[PDB]
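First the structure, in the form of structure tokens, and then the observations on it.
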Amino acid sequence: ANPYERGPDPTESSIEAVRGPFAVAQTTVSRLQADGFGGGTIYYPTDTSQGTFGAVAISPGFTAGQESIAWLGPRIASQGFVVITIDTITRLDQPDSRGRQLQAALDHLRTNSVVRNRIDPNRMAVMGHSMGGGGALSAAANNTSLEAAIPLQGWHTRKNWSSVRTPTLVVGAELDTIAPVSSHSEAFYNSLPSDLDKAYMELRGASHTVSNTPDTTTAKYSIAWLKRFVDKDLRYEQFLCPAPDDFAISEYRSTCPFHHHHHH
Ligand SMILES: *[C@@H]1O[C@H](CO)[C@@H](O[C@@H]2O[C@H](CO)[C@@H](O)[C@H](O)[C@H]2NC(C)=O)[C@H](O)[C@H]1NC(C)=O
């Protein structure tokens, strides 16, 4: 039995839900309290009776505040995760710096007085939009212990991610002119190792700003990815393999079926 399964058996409805099965509360981390990042908001399930939860850090992109990705906080946390949406030290920080700040935000959770006993410190993930998604890839390349990475319309000058050993969902926007998929998202997917559990999801007709207000497709598959890999929850593979049928997805590539390591 998988000790990390949380919540009821999922359906497409449950992963599309704006609020998941877990009631959530929040706490604020000021810049003074934040070593190595610009502060943030932590969303967490109040129900402790099922055990601890994996942790997720989410970064905004260049010139953007926490507000540009804040909606992901409660939407993911209510599926059974402790999620910190960060501000960066400055809004002009570059992608690798954002990766270091994502890692610093995860490390903060380990001793945060409100959530330190709610996280499993060894099951953590990174996400981000635009340069923050470049940061998510950078954090994974710099920390092979991370359990999942999700760049959303990621932007980075580094195109080669062959050293990443963290299951990665790359979400591109078809009509993105800021981080065009042909030179950013798709190139990232192509250079991730072939033996990695990975997927590329292109959002039909979408512009760069698709991640800055609620997008059900982004939320539902981020949730399924975090469940499948942060929690090793095989109940969620059904949504990722075979390729999803959503109209909002114009292209899907993956290494389905994903690896299931076992001692049977
Ligand atoms: C990978 O993580 C390490 C550890 O945080 C980073 O190395 C630090 O980088 C900062 C500024 O970049 C330096 O001030 C520290 O002295 C470095 N620490 C060590 C132990 O070397 C490294 O930059 C990260 N890599 C990337 C690409 O962001």
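For the structure tokens, the naming scheme is as follows: chains receive sequential letters (A, B, ...) according to their order of presentation, residues are indexed from 1 within each chain, and ligands are indexed from 1 in presentation order.
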Compute the set of protein, DNA and RNA residues whose minimum atom distance to ligand 1 is at most 10 Å, using only C-alpha atoms and all ligand atoms, and state it as an MDAnalysis selection string.
chainID A and resid 36 94:101 103:104 135 137:143
Write to file, as a PDB file, in the first residue's frame, the residues of the selection just made, with N, CA, C and O atoms.
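Below is the file that was written, out-v2.pdb:
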```pdb
ATOM      1  N   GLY A  36      16.666  33.863   1.602  1.00  0.00           N
ATOM      2  CA  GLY A  36      16.967  33.465   0.246  1.00  0.00           C
ATOM      3  C   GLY A  36      15.838  33.593  -0.752  1.00  0.00           C
ATOM      4  O   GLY A  36      15.970  33.085  -1.872  1.00  0.00           O
ATOM      5  N   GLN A  94      16.838  36.734 -12.486  1.00  0.00           N
ATOM      6  CA  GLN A  94      16.937  35.898 -13.677  1.00  0.00           C
ATOM      7  C   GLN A  94      16.579  34.458 -13.340  1.00  0.00           C
ATOM      8  O   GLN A  94      16.380  34.104 -12.175  1.00  0.00           O
ATOM      9  N   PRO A  95      16.481  33.585 -14.352  1.00  0.00           N
ATOM     10  CA  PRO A  95      15.921  32.241 -14.092  1.00  0.00           C
ATOM     11  C   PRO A  95      16.678  31.401 -13.075  1.00  0.00           C
ATOM     12  O   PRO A  95      16.043  30.780 -12.213  1.00  0.00           O
ATOM     13  N   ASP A  96      18.007  31.320 -13.160  1.00  0.00           N
ATOM     14  CA  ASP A  96      18.722  30.476 -12.206  1.00  0.00           C
ATOM     15  C   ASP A  96      18.567  31.008 -10.786  1.00  0.00           C
ATOM     16  O   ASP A  96      18.429  30.229  -9.836  1.00  0.00           O
ATOM     17  N   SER A  97      18.584  32.334 -10.624  1.00  0.00           N
ATOM     18  CA  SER A  97      18.305  32.918  -9.318  1.00  0.00           C
ATOM     19  C   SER A  97      16.926  32.508  -8.820  1.00  0.00           C
ATOM     20  O   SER A  97      16.752  32.203  -7.636  1.00  0.00           O
ATOM     21  N   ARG A  98      15.930  32.504  -9.707  1.00  0.00           N
ATOM     22  CA  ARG A  98      14.600  32.072  -9.293  1.00  0.00           C
ATOM     23  C   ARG A  98      14.608  30.612  -8.868  1.00  0.00           C
ATOM     24  O   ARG A  98      13.878  30.230  -7.949  1.00  0.00           O
ATOM     25  N   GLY A  99      15.432  29.783  -9.513  1.00  0.00           N
ATOM     26  CA  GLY A  99      15.576  28.409  -9.063  1.00  0.00           C
ATOM     27  C   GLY A  99      16.149  28.313  -7.662  1.00  0.00           C
ATOM     28  O   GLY A  99      15.699  27.500  -6.853  1.00  0.00           O
ATOM     29  N   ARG A 100      17.157  29.132  -7.359  1.00  0.00           N
ATOM     30  CA  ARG A 100      17.707  29.128  -6.008  1.00  0.00           C
ATOM     31  C   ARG A 100      16.677  29.603  -4.995  1.00  0.00           C
ATOM     32  O   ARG A 100      16.637  29.103  -3.867  1.00  0.00           O
ATOM     33  N   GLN A 101      15.831  30.559  -5.383  1.00  0.00           N
ATOM     34  CA  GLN A 101      14.812  31.068  -4.470  1.00  0.00           C
ATOM     35  C   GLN A 101      13.692  30.061  -4.264  1.00  0.00           C
ATOM     36  O   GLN A 101      13.145  29.970  -3.159  1.00  0.00           O
ATOM     37  N   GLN A 103      14.191  26.813  -4.266  1.00  0.00           N
ATOM     38  CA  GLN A 103      14.798  25.880  -3.324  1.00  0.00           C
ATOM     39  C   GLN A 103      14.819  26.463  -1.918  1.00  0.00           C
ATOM     40  O   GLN A 103      14.543  25.758  -0.940  1.00  0.00           O
ATOM     41  N   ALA A 104      15.151  27.750  -1.800  1.00  0.00           N
ATOM     42  CA  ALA A 104      15.169  28.399  -0.493  1.00  0.00           C
ATOM     43  C   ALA A 104      13.781  28.419   0.128  1.00  0.00           C
ATOM     44  O   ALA A 104      13.634  28.289   1.350  1.00  0.00           O
ATOM     45  N   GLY A 135      13.201  28.834 -13.681  1.00  0.00           N
ATOM     46  CA  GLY A 135      13.720  28.582 -12.349  1.00  0.00           C
ATOM     47  C   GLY A 135      13.385  27.194 -11.840  1.00  0.00           C
ATOM     48  O   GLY A 135      14.198  26.558 -11.169  1.00  0.00           O
ATOM     49  N   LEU A 137      13.007  24.446 -13.641  1.00  0.00           N
ATOM     50  CA  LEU A 137      13.956  23.539 -14.277  1.00  0.00           C
ATOM     51  C   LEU A 137      15.337  23.663 -13.645  1.00  0.00           C
ATOM     52  O   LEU A 137      16.001  22.653 -13.386  1.00  0.00           O
ATOM     53  N   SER A 138      15.781  24.894 -13.379  1.00  0.00           N
ATOM     54  CA  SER A 138      17.096  25.085 -12.778  1.00  0.00           C
ATOM     55  C   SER A 138      17.173  24.437 -11.401  1.00  0.00           C
ATOM     56  O   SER A 138      18.183  23.812 -11.057  1.00  0.00           O
ATOM     57  N   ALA A 139      16.119  24.587 -10.596  1.00  0.00           N
ATOM     58  CA  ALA A 139      16.115  23.982  -9.269  1.00  0.00           C
ATOM     59  C   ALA A 139      16.195  22.463  -9.362  1.00  0.00           C
ATOM     60  O   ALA A 139      16.907  21.820  -8.581  1.00  0.00           O
ATOM     61  N   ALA A 140      15.478  21.874 -10.318  1.00  0.00           N
ATOM     62  CA  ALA A 140      15.529  20.426 -10.493  1.00  0.00           C
ATOM     63  C   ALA A 140      16.909  19.972 -10.951  1.00  0.00           C
ATOM     64  O   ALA A 140      17.423  18.954 -10.470  1.00  0.00           O
ATOM     65  N   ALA A 141      17.524  20.705 -11.881  1.00  0.00           N
ATOM     66  CA  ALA A 141      18.864  20.333 -12.325  1.00  0.00           C
ATOM     67  C   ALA A 141      19.859  20.386 -11.172  1.00  0.00           C
ATOM     68  O   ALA A 141      20.819  19.607 -11.142  1.00  0.00           O
ATOM     69  N   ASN A 142      19.633  21.274 -10.211  1.00  0.00           N
ATOM     70  CA  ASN A 142      20.514  21.482  -9.073  1.00  0.00           C
ATOM     71  C   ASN A 142      20.128  20.639  -7.866  1.00  0.00           C
ATOM     72  O   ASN A 142      20.803  20.723  -6.835  1.00  0.00           O
ATOM     73  N   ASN A 143      19.090  19.804  -7.977  1.00  0.00           N
ATOM     74  CA  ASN A 143      18.622  19.028  -6.826  1.00  0.00           C
ATOM     75  C   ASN A 143      17.818  17.843  -7.371  1.00  0.00           C
ATOM     76  O   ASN A 143      16.604  17.935  -7.561  1.00  0.00           O
TER      77      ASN A 143
END
```
Can you tell me which residues surround residue 203 (chain A) at a distance of at most 10 Å, considering only C-alpha atoms, apart from same-chain residues fewer than 3 positions away, and format the answer as a list in words?
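The residues satisfying every condition are residues 153, 171, 172, 173, 174, 175, 176, 200, 206, 207, 210, 217, 218, 246, 247, 248, 249, 250, 251 and 252 of chain A.
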Could you pull out the helix (DSSP H, G or I) residues of region 104-153 of chain A, going by DSSP on the backbone, and write them as a PyMOL selection string?
chain A and resi 104-109+131-141
Spatial neighbours of residue 167 (chain A), 9 Å, only C-alpha atoms, chain gap at least 5 places, as a PyMOL selection string:
chain A and resi 146-150+196-199+225+229
Would you mind listing what lies within 7 Å of residue 85 (chain A) as a list in words, with only C-alpha atoms counted and same-chain residues fewer than 6 positions away left out?
residues 40, 41, 42, 57, 58, 59, 66, 70 and 73 of chain A
Writing out the chosen residues with C-alpha atoms as a PDB file, in the first residue's frame:
```
ATOM      1  CA  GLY A  40       5.403  34.355   0.131  1.00  0.00           C
ATOM      2  CA  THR A  41       2.096  32.826   1.155  1.00  0.00           C
ATOM      3  CA  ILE A  42       1.805  29.220   2.344  1.00  0.00           C
ATOM      4  CA  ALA A  57       6.971  26.029  -4.296  1.00  0.00           C
ATOM      5  CA  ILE A  58       5.701  28.265  -7.115  1.00  0.00           C
ATOM      6  CA  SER A  59       7.527  31.238  -8.652  1.00  0.00           C
ATOM      7  CA  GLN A  66       3.218  36.632  -6.324  1.00  0.00           C
ATOM      8  CA  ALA A  70      -1.444  33.135  -6.457  1.00  0.00           C
ATOM      9  CA  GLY A  73      -1.869  28.148  -4.219  1.00  0.00           C
TER      10      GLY A  73
END
```
Please extract the residues of region 131-260 of chain A with a backbone DSSP assignment of strand (DSSP E or B) and present them as a PyMOL selection string.
chain A and resi 148-152+168-173+198-203+249-254
Tell me, as a PyMOL selection string, which residues lie within 6 Å of region 16-33 of chain A, counting only C-alpha atoms; anything in the same chain fewer than 4 positions away does not count.
chain A and resi 38-46+75+78-79+216+220
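Every protein, DNA or RNA residue with an atom at most 9 Å from residue 233 (chain A), where only C-alpha atoms count and chain neighbours fewer than 2 positions away do not, is listed here: residues 2, 4, 5, 6, 224, 226, 227, 228, 229, 230, 231, 235, 236 and 237 of chain A.
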Between CA of residue 134 (chain A) and CA of residue 111 (chain A), what is the distance, to one decimal in Å?
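Taking CA of residue 134 (chain A) and CA of residue 111 (chain A), their separation equals 26.3 Å.
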CA of residue 86 (chain A) to CA of residue 8 (chain A): how many Å, to one decimal?
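Pair CA of residue 86 (chain A) / CA of residue 8 (chain A) returns 29.0 Å.
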CA of residue 191 (chain A) to CA of residue 161 (chain A): how many Å, to one decimal?
5.3 Å
Can you work out which one of A:211, A:166, A:11, A:160 has the shortest atom-to-atom distance to residue 60 (chain A), counting only C-alpha atoms?
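Closest to residue 60 (chain A) of all the choices is A:211.
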List the spatial neighbours of residue 91 (chain A) as an MDAnalysis selection string - criterion: any atom at most 6 Å away, only C-alpha atoms, same-chain residues fewer than 4 positions off excluded.
chainID A and resid 62:64
Put those residues in a file: N, CA, C and O atoms, as a short mmCIF file (atom, residue, chain, number, x, y, z; two decimals), in the first residue's frame.
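out-v7.cif, freshly written:
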```cif
data_model
loop_
_atom_site.label_atom_id
_atom_site.label_comp_id
_atom_site.auth_asym_id
_atom_site.auth_seq_id
_atom_site.Cartn_x
_atom_site.Cartn_y
_atom_site.Cartn_z
N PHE A 62 9.38 37.22 -14.74
CA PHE A 62 10.02 38.54 -14.78
C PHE A 62 8.98 39.65 -14.72
O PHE A 62 7.95 39.61 -15.40
N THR A 63 9.26 40.65 -13.89
CA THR A 63 8.43 41.82 -13.61
C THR A 63 7.13 41.49 -12.88
O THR A 63 6.29 42.38 -12.71
N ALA A 64 6.95 40.26 -12.42
CA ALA A 64 5.67 39.84 -11.86
C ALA A 64 5.78 39.58 -10.36
O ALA A 64 6.80 39.09 -9.87
#
```
Would you please work out which residue, of A:163, A:157, A:194, A:222, is nearest to residue 253 (chain A) when using only C-alpha atoms?
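Of A:163, A:157, A:194, A:222, the one nearest residue 253 (chain A), counting only C-alpha atoms, is A:194.
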Calculated over only C-alpha atoms, which of the candidates A:3, A:193, A:214, A:54 has the smallest distance to residue 122 (chain A)?
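Using only C-alpha atoms, residue 122 (chain A) sits closest to A:54.
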From the set A:13, A:221, A:254, A:90, which residue has the shortest atom-to-atom contact distance to residue 239 (chain A), counting only C-alpha atoms?
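For residue 239 (chain A), the nearest of the given residues is A:221.
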